[PDB]
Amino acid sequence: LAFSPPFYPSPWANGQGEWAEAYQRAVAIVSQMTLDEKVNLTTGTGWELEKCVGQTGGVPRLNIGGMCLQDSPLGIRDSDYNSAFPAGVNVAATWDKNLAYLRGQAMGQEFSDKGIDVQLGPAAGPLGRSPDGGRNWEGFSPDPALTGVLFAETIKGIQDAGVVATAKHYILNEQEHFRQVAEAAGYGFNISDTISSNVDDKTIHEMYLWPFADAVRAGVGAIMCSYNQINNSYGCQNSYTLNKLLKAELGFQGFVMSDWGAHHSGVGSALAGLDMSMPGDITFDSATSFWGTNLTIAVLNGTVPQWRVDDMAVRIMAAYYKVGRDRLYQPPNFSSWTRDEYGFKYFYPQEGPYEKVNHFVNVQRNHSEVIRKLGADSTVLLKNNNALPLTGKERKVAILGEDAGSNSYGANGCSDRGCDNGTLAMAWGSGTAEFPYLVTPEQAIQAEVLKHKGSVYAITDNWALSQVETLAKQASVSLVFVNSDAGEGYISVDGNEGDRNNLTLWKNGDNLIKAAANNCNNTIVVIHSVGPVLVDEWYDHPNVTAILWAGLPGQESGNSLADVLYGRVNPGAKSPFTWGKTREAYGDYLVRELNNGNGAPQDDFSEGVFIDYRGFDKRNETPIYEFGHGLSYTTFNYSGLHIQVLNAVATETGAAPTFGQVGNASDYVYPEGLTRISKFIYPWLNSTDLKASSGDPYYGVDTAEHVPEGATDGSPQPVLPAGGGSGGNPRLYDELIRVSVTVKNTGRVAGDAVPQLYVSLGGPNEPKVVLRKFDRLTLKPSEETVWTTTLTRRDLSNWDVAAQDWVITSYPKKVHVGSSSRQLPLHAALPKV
């Protein structure tokens, strides 16, 4: 069975780089704090006890209000008068750094105005190992370079707007099946522990860890560790990924929180590098906690060094100061659990004073504009035989397919979007927000037609094929809508248990397109989906004249598409993953069966770095639409590739500090005038009897055998060769080569080009090409510009498991520039660097 090697001690914060000032302030405040106060910062108060999906108790003596953590990566979850933004995958499809930042800011403004301190997003785990993973859509791209840049920009938008961002899920949560014991039990599977992701050290460095290196460098404040195990050690107590990769190598200064139910131990988790327990209890409303009272005790009994807890506190307060949350603080002005104006303060046991729980603050501003624009700029024109744009002179327009119309239960009518009904603008689970409204394509496209006095209808039952065939016959253009949904594992729609069961269009999609294409010579397909779908039955039909993939657009779906359809927006989006002929062509099967008896199912990443396009290229498979493909209403030419060589750190840490003092056990007993709320998780002890007030069956049992070698070592540590900066050693960010190329709009209309820069690092086991740089450049017809980027040391290196460092191998390297991963007209050898 795969094994996860220990790495201890759990590194302490040091005011690294851009954290200097936040660290100073964190230190100065925590120095004043009692141990129980410190513990409060680290532990949620129990599932549904307060306002937010996660909430700590704060430190009221020092005027630090409870921290409020709210989902999701695309807008505020479980609230009102908020926006619903397009999904992370849509951000990926824009290939636009700027839009990523603008969407992050727009979200941080909304979060901030609801009195939420921490956004539970953006996501880059899952990266997208398997095209059928239930949650790829919440993230960006199976490409680490594309994902890391957009991940970082999203994070920067959120944090510049004053809210702590949470990079999740760390790490290797690449599928929904067997991600949680109880969750698998509900589906009839009996396992004792969660799926284990077993990955070699090179692969994790070059793929899954890379966006997280970007996130750390860009200043992310929090990290959420995952439900799965990695080499059979749980994500939220895995010292290798937490202490070694994240904190020692990447130099991460902020705090680590558990996924909700991913916390599996007090002592082990605290020593393996966790900083914060969510929602705070062991299971939802157990009135018990691996931390709270137990963490206070674990410090009093000498098992967890004071310097760990102080470090937990320092990292939490440093992330809070770093985004200036303190300057914006206000209690959450809504409740996640009810929409009522009034309710009991403590929702779950219905206790506390009866008071205002919802203020109905409208936080949307004019964010519909950015959502509308982003939706349009994320619509990938996969195919176009001079079918698009529409002129509005189309005499009779047939809008065909359930995905064009309304959810008959209302846009929000399925709990956490747990259905695929009507147009697909948001996938399901906790990565969701309530729509303020949803503009359907039916609505937007019919309004456009009527504006020009044309005739138009929507048929939205995908087995009404008789009506489809009849109308398609009479139509100038048939616009056919189809979708494929997915989401978090705790919801099953039509037997799809988070992960998709297949990659075929839902609701009779293929049959619908055929019924249309058999009858209109001008049939245009629009796909809303979480990821790639199988297009082989119909994409090359002589009558299917254009095909678009629009992702998950959020509240303005219909308007975003019309802007593209009718040419107000020239599509410039590019596919952020691969469209293959078959499911088999992608490889990377999901583990859908118990393969280690009733133990944790084993998920071996035996493809190594070879996911999505890397894999297709290794196997010499031809995608229908390759990673990086998108058409435009104009054309672009790339020429004049040129390469220019350019002229381009502590060895030990300090010892672990402590801040403030720890007193007697009697200092930490339940204060006397305090009504203890049912299910509420507190940091206090029932009495000075440590064993009895912990109530832990394993209290004091073989204690020293369970504290790992190194785990209590407060002495100065060596700095990893790959470490000592932010997102790695800073030498990895030296710029070694400048690349330039001329990009020209050779067509009739203004448009955005997406230059793409790939390298081949060389070597017998390396992908042919891997993306390194890109930009999105707006160009008027005939306009020319010179696109200039740089390659860093990291960009040209590979992870050397023996050196534990990134190394530029002696294989010769090449640069390639062009319009997709397969359309690379320019190449240049790189000189030795």
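Numbers follow the displayed sequence, beginning with 1.
Asker: Does the comparison with other entries of this protein show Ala167 left unmodelled in at least a third of them?
Answerer: No, none of the compared structures omit it.
Asker: Look at the other compared PDB entries that model both sides of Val649, then say whether a third or more of them leave it out.
Answerer: Affirmative; at least a third of those entries omit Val649.
Asker: What size is the break between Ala648 and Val649 in terms of deposited sequence residues left without coordinates: none, 1 to 3, 4 to 9, or 10 or more?
Answerer: Unmodelled stretch: 4 to 9 residues.
Asker: Tell me which stretch has the larger mean Cα B-factor in this entry, 777-785 or 66-74.
Answerer: Per the deposited B-factors, the answer is 777-785.
Asker: Which is higher on mean Cα B factor in this entry, 684-692 or 549-557?
Answerer: Mean C-alpha B-factor is greater for 684-692.
Asker: Comparing recorded Cα B-factors across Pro436, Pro441, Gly487, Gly663, which one is largest?
Answerer: Checking the PDB record, the top C-alpha B-factor among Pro436, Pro441, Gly487, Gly663 is at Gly663.
Asker: If you check the C-alpha B-factor for each of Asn98, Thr578, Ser112, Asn483 in the entry, which is highest?
Answerer: Within the set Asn98, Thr578, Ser112, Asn483, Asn98 shows the top C-alpha B-factor.
Asker: So where's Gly615 on the chain's Cα temperature factor ranking, which third?
Answerer: Highest third.
Asker: Going by the recorded CA B-factors, say which third of the chain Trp337 sits in, lowest, middle or highest.
Answerer: For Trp337, the deposited C-alpha B-factor lands in the middle third.
Asker: Name the third of the chain's ranked CA B-factors that contains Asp510, choosing lowest, middle or highest.
Answerer: Middle third of the chain for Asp510's C-alpha B-factor.
Asker: Sorting by Cα B-factor within the chain, modelled residues only, which third would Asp588 end up in: lowest, middle or highest?
Answerer: It falls in the top third of the chain.
Asker: If you rank every modelled residue in this chain by C-alpha B factor, which third holds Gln823: lowest, middle or highest?
Answerer: Answer is lowest: the recorded C-alpha B-factor places it there.
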